[PDB]
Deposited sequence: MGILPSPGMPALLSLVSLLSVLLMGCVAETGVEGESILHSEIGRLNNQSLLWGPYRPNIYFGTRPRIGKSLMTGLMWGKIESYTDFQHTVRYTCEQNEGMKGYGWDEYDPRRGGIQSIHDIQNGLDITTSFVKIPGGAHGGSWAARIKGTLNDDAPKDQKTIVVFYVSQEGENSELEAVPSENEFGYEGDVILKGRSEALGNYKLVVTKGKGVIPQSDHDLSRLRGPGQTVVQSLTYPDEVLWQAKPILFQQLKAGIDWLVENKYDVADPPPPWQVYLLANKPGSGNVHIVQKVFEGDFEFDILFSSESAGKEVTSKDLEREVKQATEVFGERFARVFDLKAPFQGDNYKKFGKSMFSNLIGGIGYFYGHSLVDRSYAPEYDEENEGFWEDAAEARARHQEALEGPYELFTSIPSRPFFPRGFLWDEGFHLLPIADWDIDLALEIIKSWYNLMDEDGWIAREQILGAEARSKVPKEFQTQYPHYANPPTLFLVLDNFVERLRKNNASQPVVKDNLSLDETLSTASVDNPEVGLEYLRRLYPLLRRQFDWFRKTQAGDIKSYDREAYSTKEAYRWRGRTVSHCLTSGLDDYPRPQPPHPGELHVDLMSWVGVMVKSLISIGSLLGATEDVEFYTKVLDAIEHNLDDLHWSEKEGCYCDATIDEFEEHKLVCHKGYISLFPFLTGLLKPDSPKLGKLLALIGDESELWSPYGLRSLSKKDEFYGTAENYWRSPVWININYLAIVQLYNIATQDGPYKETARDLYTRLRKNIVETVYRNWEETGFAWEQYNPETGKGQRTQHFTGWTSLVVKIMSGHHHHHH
């Protein structure tokens, strides 16, 4: 039955607008295949369009906002885009129609509306760009009756091993098409939809904007050659109308010009399915998808007081839709340094200078290709897989569609090397690379990242103990199926656990350090003088200088998180030898936390180092780091240490701000210093962990029940209101929140773990 559910899942998920790096575009979950993309831009002059055209996502003064109003990757969704610069409000509706053997059919309506500021008679160029990769695949534009282009629908007929036979239609659509009285119309027509069919080497098909501009440039060149000049020039919008040249090729550019508002439809008809998809089909399925989304949202995300209000509901559906709507499929080579230089061992004082020199040998090389299906932090800034980010992303998604979450987990785990490493940032393919400066591309196999995907597995396990609707929860409704998934995955989790122990180990035995166990101690590789990028908390203060004797409490706590999970799952698979080993490790980490990381003087957990005189020193910077054993659920609900931590959490003069917990205490000497990335701001992911854990204490008999309840109540409210106030005033979810003013700061469109706010509002952990 497992293989059955798997086949149906493949078929359900194959098609999507899985190109979140651009405003609107589709591709299937197949590395080399058919992809589409939307471009648009006002044209007012002879030079302006190169500046106005839109394709890849950004955020600047010219763009008010954009995002998904509803989305499910199984059904589709609606996207809004508010473009100030081009004076346009765009809707993109995408929907999926199951049937056939090839992942079904889809359709999209593109609707544009001039806003109040735009000239009523603005000319807008719209382009739909289609490419196909494959050695055996074909795609052809059916030519038009008319002389110079199309009065009606453009039909592309194609075939591939992947997709079977298919037909992609770009409808005539509604809207005023400008007509030119110029002489040039004798040769190029007065104005109409036009198509160019081109062929380039597969590996450059993705560069739609440059491909396009080279054609525009060739049209203009042709004008100048044929004596169209400034003595009497054609209208701008006609200079940038391509000559019609439909045919076969691996690239097809469809171009329309509108005056005022417009709409058109894109219809993809899988031949192996029923009759072809119609515009009538599109509207019906859109209505249907919205109804289904409505119904699911209110079961899964039942917002509890005081967020029962309709304004909170809209906020929730926006945050949730943007998170899940950011799901991408990515395909290509990664850049990895596979030298395993000895300098990366960081066993020396000054190790950071050694490792810089090893990196300057530039031994890195492309490898793969790999594929990844994942959600992302940020469409405009970070449209790619980040390992510990995904652990947070998949918590709300799991609620919505557990089967979808497990697919993404599976996708991540299939990237793991034989050693147990997964690169923390997955930049797959040249397209992906185009958004990342060269300095930041290379991944290193000694760099770790918090194992947050373990949290999502933890939720899966609890749910397991305790057609699209059927498929979304198939893996928990069918315990046979759930266990098979775990059986297959379990080895990989174990591998990763061992990888952590081998590569991220700290040094107990080489110093004057007594502790309960001689095994358990951890040090993040990769730190520089001011940074520990691999821990996830970029610039959180750490022992100065970095030192091979350092021990990091956050890292050890992450290991704790992993062992607990391995016990849960290994129990369920009857891996008895395995569970007993885990149990010794849990026991040891519990003691070692206290023996090496607990500070009695300061009353919290701390990182450690080694003295100028070779002795173990605690280094305390009160902040998120300090509470890690708590945030990870390793402290017994009755512990005196827990109490001391709750004092810190609640203390206004330390971590507690009106707007959530500060990353670092106001009392710390490094508060609001340097880049201030994690040296004061409020971050929703860590606040989420605090909230979930406080609620855990509040719902059990114990000494801290009442205290925890008070803190849970206020923190939940403070975080939700902060994210919401900002969302109201700005339209955006932000990366982090200022603890003095409550304003969102750093990057916009962070959906992104900011979206956990949906889970916070709905409660019942």
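A.B. asks: Should a student be asked to find the unmodelled regions, what ranges of the deposited sequence would be the right answer here?
C.D. replies: Gaps vs deposited seq, in order: 1-37, 504-516, 816-819.
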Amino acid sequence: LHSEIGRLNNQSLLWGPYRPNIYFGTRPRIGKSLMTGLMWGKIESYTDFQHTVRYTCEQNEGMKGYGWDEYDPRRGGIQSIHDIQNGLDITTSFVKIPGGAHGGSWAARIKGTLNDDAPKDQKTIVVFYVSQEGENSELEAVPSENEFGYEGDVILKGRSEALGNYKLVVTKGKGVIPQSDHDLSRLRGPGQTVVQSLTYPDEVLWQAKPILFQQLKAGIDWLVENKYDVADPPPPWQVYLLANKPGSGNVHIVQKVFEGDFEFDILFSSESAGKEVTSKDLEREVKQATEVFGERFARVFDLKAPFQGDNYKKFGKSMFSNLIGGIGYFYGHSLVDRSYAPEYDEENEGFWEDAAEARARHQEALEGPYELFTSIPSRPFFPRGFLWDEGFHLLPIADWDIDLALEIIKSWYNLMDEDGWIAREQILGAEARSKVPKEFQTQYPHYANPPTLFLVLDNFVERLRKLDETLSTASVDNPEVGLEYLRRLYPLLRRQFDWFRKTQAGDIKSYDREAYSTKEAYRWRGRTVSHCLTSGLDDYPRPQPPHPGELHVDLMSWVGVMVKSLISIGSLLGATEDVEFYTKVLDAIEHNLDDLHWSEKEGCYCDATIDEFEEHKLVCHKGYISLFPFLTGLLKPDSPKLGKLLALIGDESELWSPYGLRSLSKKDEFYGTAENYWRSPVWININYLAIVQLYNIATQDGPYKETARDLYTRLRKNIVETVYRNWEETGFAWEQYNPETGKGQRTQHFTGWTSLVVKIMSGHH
From here on, numbers count along this sequence of modelled residues.
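A.B. asks: Where do the C-alpha atoms have the higher mean temperature factor in this entry, in 532-540 or in 231-239?
C.D. replies: Higher of the two, by average CA B-factor, is 231-239.
A.B. asks: Can you tell me whether 371-379 has a higher mean C-alpha B factor than 570-578 in this record, or the other way round?
C.D. replies: Between 371-379 and 570-578, it is 570-578.
A.B. asks: From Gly385, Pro210, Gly350, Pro640, can you pick the one with the highest C-alpha B factor in the entry?
C.D. replies: Comparing C-alpha B-factors across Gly385, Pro210, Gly350, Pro640, the top value belongs to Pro640.
A.B. asks: Among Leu661, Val170, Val553, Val585, where is the Cα temperature factor highest, going by the PDB entry?
C.D. replies: Among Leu661, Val170, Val553, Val585, the highest C-alpha B-factor in the entry belongs to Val585.
A.B. asks: Lowest, middle or highest third: where is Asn449 by C-alpha B factor in its chain?
C.D. replies: Lowest third.
A.B. asks: In terms of the chain's CA B-factor thirds, is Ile760 lowest, middle or highest?
C.D. replies: CA B-factor rank for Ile760: lowest third.
A.B. asks: How does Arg725 rank on Cα B-factor within its chain, lowest, middle or highest third?
C.D. replies: For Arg725, whose C-alpha B-factor we compare with every modelled residue in the chain, the answer is the lowest third.
A.B. asks: Ordered by C-alpha B-factor within the chain, which third holds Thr199? Give me lowest, middle or highest, please.
C.D. replies: Its C-alpha B-factor belongs to the highest third of this chain's values.
A.B. asks: Give the position of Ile30 by CA B-factor within its chain, expressed as the lowest, middle or highest third.
C.D. replies: Ranked within chain, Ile30 CA B lands in the middle tercile.
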